[PDB]
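Chemist: Here's a structure for you.
4 protein chains.
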Amino acid sequence: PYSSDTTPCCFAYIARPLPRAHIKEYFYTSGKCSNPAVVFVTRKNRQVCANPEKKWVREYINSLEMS
Amino acid sequence: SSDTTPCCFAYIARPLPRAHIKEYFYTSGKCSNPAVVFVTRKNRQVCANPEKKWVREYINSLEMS
Amino acid sequence: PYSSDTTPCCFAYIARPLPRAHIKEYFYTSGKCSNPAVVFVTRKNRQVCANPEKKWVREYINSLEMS
Amino acid sequence: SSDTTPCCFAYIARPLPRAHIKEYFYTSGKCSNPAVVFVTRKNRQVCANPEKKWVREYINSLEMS
Numbered sequence: 025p026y027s028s029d030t031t032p033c034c035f036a037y038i039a040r041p042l043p044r045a046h047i048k049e050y051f052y053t054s055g056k057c058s059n060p061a062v063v064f065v066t067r068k069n070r071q072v073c074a075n076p077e078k079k080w081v082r083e084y085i086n087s088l089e090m091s
Numbered sequence: 027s028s029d030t031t032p033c034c035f036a037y038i039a040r041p042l043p044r045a046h047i048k049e050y051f052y053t054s055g056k057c058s059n060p061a062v063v064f065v066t067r068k069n070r071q072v073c074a075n076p077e078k079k080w081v082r083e084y085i086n087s088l089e090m091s
Numbered sequence: 025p026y027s028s029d030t031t032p033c034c035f036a037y038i039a040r041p042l043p044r045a046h047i048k049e050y051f052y053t054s055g056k057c058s059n060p061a062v063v064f065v066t067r068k069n070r071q072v073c074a075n076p077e078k079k080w081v082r083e084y085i086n087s088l089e090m091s
Numbered sequence: 027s028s029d030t031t032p033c034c035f036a037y038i039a040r041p042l043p044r045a046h047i048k049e050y051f052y053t054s055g056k057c058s059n060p061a062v063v064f065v066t067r068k069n070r071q072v073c074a075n076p077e078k079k080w081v082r083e084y085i086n087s088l089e090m091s
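Residue numbers (the UniProt record's numbering), protein chains in the order written: chain X, 25 to 91; chain S, 27 to 91; chain V, 25 to 91; chain Y, 27 to 91.
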């Protein structure tokens with residue numbers, strides 16, 4: 025059982041770290057997706073796919089739920 | 027402005043009302059499951075099984091414009 | 025090597041699902057912590073510890089990555 | 027208004043300046059590593075090794091008020 029509405033997945037990861045100050049939110053893509061992934065939402069409301077195994081990705085996450 | 031790709035992991039069980047669908051598109055081949063997405067006037071992206079008769083018929087009607 | 029500043033960890037998980045509409049952000053606690061955990065930041069800016077293995081927790085995360 | 031607990035996973039290598047510390051507290055026993063937290067006037071929470079001489083001395087001075 026699962027939603028029959030589309031679900032976002034990532035098939036590519038941004039190569040280098042996004043500017044930390046341009047990021048306001050994040051969310052992990054569904055476990056249903058083929059690739060694990062972190063999607064950062066920038067302040068201009070863009071959505072960027074990132075690799076959860078990357079050090080900067082984990083640090084950005086730790087920073088985001090301090091705020 | 028998004029790097030994500032919409033994929034489908036379930037198909038709607040019953041035929042969606044034809045009257046409220048404004049267009050359709052097929053989910054990316056990158057997605058594991060093949061699927062037709064019917065977009066409703068309220069911008070709902072509903073997943074449907076490409077092999078279903080009603081789905082093929084809806085697509086045909088949307089193709090004739 | 026690691027930050028010598030304090031790092032937040034969770035030692036208890038909220039028993040039941042928080043109201044989805046009261047949540048604006050989330051972040052996973054450091055892998056350094058003894059327990060894996062998800063910290064939801066409410067709109068009143070409170071921080072609630074949650075279990076990543078819980079179904080509602082994963083769903084809330086998937087939802088937050090969409091907004 | 028938070029359910030989290032501050033823990034320490036590293037100790038500051040050199041003695042922090044005494045002049046800018048307003049208080050201290052020990053991290054929870056729930057944390058895996060024992061630690062003293064020196065809070066600076068800029069609200070930085072710095073982790074320090076309880077066994078260090080300077081740490082015990084700083085604590086003593088903060089205890090005499």
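Even for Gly, the Cβ is constructed at its ideal location relative to N, Cα and C.
1. Report the option in Y:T66, Y:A36, Y:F51 whose CA atom is closest to the CA atom of residue 106 of chain Y.
2. Give me the chain S residues within the contact set of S58 of chain X, using Cβ-Cβ distance strictly less than 7 Å, ordered along the chain.
3. Just list the residues that DSSP pairs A74 of chain V with in beta bridges.
4. Which stretch, first to last residue, makes up the beta strand (DSSP E) that contains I47 of chain Y?
5. Could you spell out the range, first to last residue, of the alpha helix (DSSP H) harbouring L42 of chain S?
6. Quick one, which of V:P25, V:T31, V:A39, V:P43 has its alpha-carbon nearest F51 of chain V's?
7. Hey, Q71 of chain Y and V63 of chain Y are a contact pair by Cβ (cut 8 Å); roughly how many whole angstroms apart?
8. On a CA-only basis, which of S:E83, S:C73, S:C57 is nearest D29 of chain X? Give me that one, please.
9. When DSSP labels each residue in this structure, what does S28 of chain S get in the three-state scheme?
10. 8 Å is my cut-off, CB to CB: does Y37 of chain S come that close to chain X?
11. Less than 8 Å between the beta carbons of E49 of chain V and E83 of chain X, yes or no?
12. Grab me the residues of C33 of chain S's own chain with a C-beta within less than 6 Å of its C-beta, minus the 5 sequence neighbours each way, in chain order.
13. Roughly how many whole angstroms lie between the Cα atoms of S91 of chain V and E89 of chain Y?
14. Buried or exposed for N86 of chain S, please, with buried defined as at least 16 other CB atoms from any protein chain shown within 10 angstroms of its CB.
15. Please report how far the alpha carbon of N59 of chain Y lies from the alpha carbon of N69 of chain V, in whole angstroms.
16. Can you list, in chain order, the residues of its chain whose CB lies under 6 Å from that of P41 of chain V, leaving out five sequence neighbours each side?
17. Could you name the residues of chain X that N75 of chain V contacts, counting a contact when the two beta carbons are closer than 7 Å?
18. Nearest by alpha-carbon distance to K78 of chain V: which of X:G55, X:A36, X:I47, X:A61 is it?
19. Between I47 of chain S and the rest of its own chain, which residues show a CB-CB distance below 8 Å, the 5 nearest in sequence each way excluded?
20. Looking at the secondary structure, which residues open and close the alpha helix (DSSP H) in which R67 of chain S lies?
Modeler: The answer reads as follows:
1. This structure does not reach residue 106 of chain Y, given that chain Y is present from 27 up to 91, and the question cannot be answered.
2. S58
3. V:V62
4. 47–52
5. Counting along the chain, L42 of chain S falls outside any alpha helix (DSSP H), and DSSP gives it neither H nor E.
6. V:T31
7. 5 Å
8. S:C73
9. strand
10. yes
11. no
12. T53, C57
13. 49 Å
14. exposed
15. 28 Å
16. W80
17. Result: empty, since nearest Cβ-Cβ is about 15 Å, beyond 7 Å.
18. X:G55
19. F64, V65, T66, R67, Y84, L88
20. First-last for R67 of chain S: undefined, no H or E at that position.
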